[PDB]
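Asker: To start, I am sharing the structure in question, which I have written as structure tokens.
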Amino acid sequence: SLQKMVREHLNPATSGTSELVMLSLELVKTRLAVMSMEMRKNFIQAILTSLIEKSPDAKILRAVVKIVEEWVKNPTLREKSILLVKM
């Protein structure tokens with residue numbers, strides 16, 4: 001469902017409504033993050049950053065850095081290091 005949303009969000013009103021529902025699930029799912037997805041570091045971060053690289057947005061960017069803020073304020077260090085050098 002998350003993949004379907006990404007491929008349907010900004011293919012070319014409802015943009016604000018869709019913006020508010022993406023951050024709702026990502027904020028509440030931040031504790032376990034251990035189910036062997038093998039896809040978080042390649043799709044969730046890389047695509048969303050590139051998605052905003054072609055569309056002006058500044059709200060979910062605040063949301064994602066807040067998620068990183070609670071991560072450091074307590075994945076391994078290698079995954080975090082990739083994210084910091086990515087953004």
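Within each chain, counting starts at residue 1; across the structure tokens, chains are named A, B, ... in the order shown, with ligands numbered 1 upward in that order.
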Counting only C-alpha atoms, what is within 12 Å of residue 21 (chain A), bar same-chain residues fewer than 5 positions away, as a PDB file with C-alpha atoms, in the first residue's frame?
Answerer:
```pdb
ATOM      1  CA  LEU A   2       2.866   2.390   0.771  1.00  0.00           C
ATOM      2  CA  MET A   5       0.837   5.578  -2.647  1.00  0.00           C
ATOM      3  CA  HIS A   9       1.165  10.581  -5.220  1.00  0.00           C
ATOM      4  CA  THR A  14      -5.917  16.349  -2.220  1.00  0.00           C
ATOM      5  CA  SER A  15      -2.153  16.938  -1.973  1.00  0.00           C
ATOM      6  CA  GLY A  16      -2.523  18.319   1.550  1.00  0.00           C
ATOM      7  CA  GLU A  26       5.598   6.983   9.713  1.00  0.00           C
ATOM      8  CA  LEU A  27       5.491   8.761  13.084  1.00  0.00           C
ATOM      9  CA  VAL A  28       3.743   5.912  14.919  1.00  0.00           C
ATOM     10  CA  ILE A  60       7.326  16.248   5.560  1.00  0.00           C
TER      11      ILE A  60
END
```
Asker: Which residues are close to residue 10 (chain A), i.e. within 10 Å by only C-alpha atoms, leaving aside same-chain residues fewer than 6 positions away? Reply as a list in words.
Answerer: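 The contact residues come out as residues 51, 52, 54 and 55 of chain A.
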Asker: Under the rule that only C-alpha atoms are counted, which of A:75, A:56, A:12, A:23 is the nearest residue to residue 38 (chain A)?
Answerer: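 Selected residue with least distance to residue 38 (chain A): A:75.
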Asker: As a PyMOL selection string, please: the residues near residue 68 (chain A) (cut-off 9 Å, only C-alpha atoms, same-chain neighbours under 5 positions excluded).
Answerer: chain A and resi 63+73+80
Asker: Pick out the closest residue to residue 24 (chain A) from this set: A:67, A:72, A:37, A:82. Count only C-alpha atoms.
Answerer: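 Checking each candidate against residue 24 (chain A), we get A:67 as the closest.
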Asker: What is the CA of residue 35 (chain A)-CA of residue 59 (chain A) distance in Å, reported with one decimal?
Answerer: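 Here the two named atoms are 28.0 Å from each other.
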Asker: I'd like the neighbourhood of region 83-85 of chain A as a list in words, where a residue qualifies if any of its atoms comes within 9 Å (using only C-alpha atoms), though same-chain residues fewer than 3 positions away should be ignored.
Answerer: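 Contacts, with the query itself left out: residues 41, 45, 46, 78, 79 and 80 of chain A.
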Asker: Using only C-alpha atoms, which protein or nucleic acid residues come within 10 Å of residue 44 (chain A)? Drop anything in the same chain fewer than 4 positions from it, and give the result as an mmCIF file with C-alpha atoms, in the first residue's frame.
Answerer:
```cif
data_model
loop_
_atom_site.group_PDB
_atom_site.id
_atom_site.type_symbol
_atom_site.label_atom_id
_atom_site.label_comp_id
_atom_site.auth_asym_id
_atom_site.auth_seq_id
_atom_site.Cartn_x
_atom_site.Cartn_y
_atom_site.Cartn_z
ATOM 1 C CA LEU A 2 2.866 2.390 0.771
ATOM 2 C CA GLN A 3 4.461 1.550 -2.585
ATOM 3 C CA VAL A 6 4.350 6.579 -3.753
ATOM 4 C CA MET A 39 13.924 -2.341 1.384
ATOM 5 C CA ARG A 40 13.802 0.619 3.802
ATOM 6 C CA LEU A 48 10.993 10.510 -1.034
ATOM 7 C CA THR A 49 13.999 12.849 -1.128
#
```
Asker: For the atom pair CA of residue 69 (chain A) and CA of residue 8 (chain A), what is the interatomic distance in Å to one decimal place?
Answerer: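 Value for the CA of residue 69 (chain A)-CA of residue 8 (chain A) distance: 28.7 Å.
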Asker: Write out as a VMD selection string the set of residues from chain A that DSSP, computed on the backbone, places in alpha helix (DSSP H).
Answerer: chain A and resid 2 to 9 14 to 28 45 to 53 60 to 72 77 to 86
Asker: Between CA of residue 65 (chain A) and CA of residue 13 (chain A), what distance in Å does the model show, to one decimal?
Answerer: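 Separation between CA of residue 65 (chain A) and CA of residue 13 (chain A): 25.2 Å.
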Asker: For residue 31 (chain A), which residue out of A:70, A:58, A:43, A:76 is the nearest one, using only C-alpha atoms?
Answerer: A:70
